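There is one chain below, alone, in structure tokens, taken in the form deposited in one PDB entry.
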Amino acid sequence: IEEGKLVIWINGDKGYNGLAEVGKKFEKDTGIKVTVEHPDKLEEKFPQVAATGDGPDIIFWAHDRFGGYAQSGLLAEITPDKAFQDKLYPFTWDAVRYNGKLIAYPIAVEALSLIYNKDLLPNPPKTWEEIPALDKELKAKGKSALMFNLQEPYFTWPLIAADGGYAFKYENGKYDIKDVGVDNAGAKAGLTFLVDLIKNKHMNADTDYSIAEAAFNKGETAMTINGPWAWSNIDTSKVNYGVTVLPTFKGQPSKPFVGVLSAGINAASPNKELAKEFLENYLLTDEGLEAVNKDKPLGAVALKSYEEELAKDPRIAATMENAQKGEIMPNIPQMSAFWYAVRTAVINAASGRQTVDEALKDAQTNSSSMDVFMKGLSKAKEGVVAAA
């Protein structure tokens, strides 16, 4: 029963309940119902469902996915006037431009930070290199040094990029998809450090988002790596935590990929004007962002008037410090292939099924191949064998 309502998709780690509250206010004033959903793998489902009755009117995701959506014709060009554009930071609009056109509304700037338990660890490590020794000390006390999601390359990228890894070479506003940097010396060093941590029993190759979060919020591990959305669950656990700069590697800052959470409008929605009214007049206001932020923190928001309030938060300062040491994600269509390729490399290397060099060599080859994700799905289905 989605006909005649605004349907919104947003990731399940974000403040979907707070977003729903904004939706209730919109409905109160306009009579238009707003249904917020948080399907799994929504970023992969969108292209499969956008044209159907199950497609959302509005989709929230980091800006990196939107170029591929726009290439496929799945997103409407948005039409904010100059007065509205002036309300958000200019660099956030840049993140949602594709072939010269605005294709989403920027919401917040997300970057990973080091999150640490101040009771277990008053002075967090400045370097990745000191982490093995630190884990040894904590293991003796029945604790561990560090746990974070090893199944999503988003979380390992800061380390892979620290000493020189890169996705696609950038020059003069353009990315060269033939110049991939996931298999250079810097990338190799980072992933090798990670794999060594696993070989030496300082981390488990199977650690995922849930496992790491439970471990940190139960006080079992001294550190985790995560974004602003995770601060809320840590609050509930009453763990005394700090949010700080990521450790350095080979004396170089970890360099997270920075995402701008953005709201795109489905090109097939018959309610694009209403979606625009909701996004500009309800969500992107102090009251709207406050409701979402109160649910799960957004990070550094794109709306100047509300960032003015949040800027005093030292956790946001750390977020922006890590963000500025990192790099903005490209939004080119090839990003989906790059992410899948790197995800495969990290997982195969961590589990020991491939060496670092083999894994990253394959990642480089596959990073521009658009068929990689679909080919991945086929492998999971195994397939049959003929009698002849």
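Start at 1 and count along the sequence shown; that's the residue number.
- Taking the PDB entry as given, 345-353 carries the higher mean Cα B factor of the two stretches 22-30 and 345-353.
- In this entry, 233-241 has the higher mean Cα B-factor, the comparison being between 291-299 and 233-241.
- Each of 119, 110, 286, 77 has a CA temperature factor in the record; the biggest one is found at 119.
- Annotation for 265, 310, 197, 95: 197 ranks highest, by Cα B-factor.
- Ranked against the other modelled residues of its chain, the C-alpha B-factor of residue 358 as given in the entry falls in the middle third.
- Ranked within its chain, residue 281 lands in the lowest third, by CA B factor from the PDB record.
- When the modelled residues of the chain are ordered by C-alpha B-factor, residue 186 sits in the middle third.
- Per the PDB record, residue ranking by Cα B-factor puts residue 7 in the lowest third of the chain.
- Residue-level temperature factors show residue 330 in the lowest third of its chain, judged at the C-alpha atom.
Not pictured, yet referred to below: the form deposited in another entry.
- Summary of the rigid-body analysis between the shown form and the other one: the C-alpha atoms of residue 20 and residue 124 are best fitted by different parts' superpositions.
- Between residue 231 and residue 10, the Cα spacing is larger in the other form than in the shown form, differing by no less than 3 Å.
- In the other form, the CA atoms of residue 304 and residue 246 sit closer together than in the displayed form, by at least 3 angstroms.
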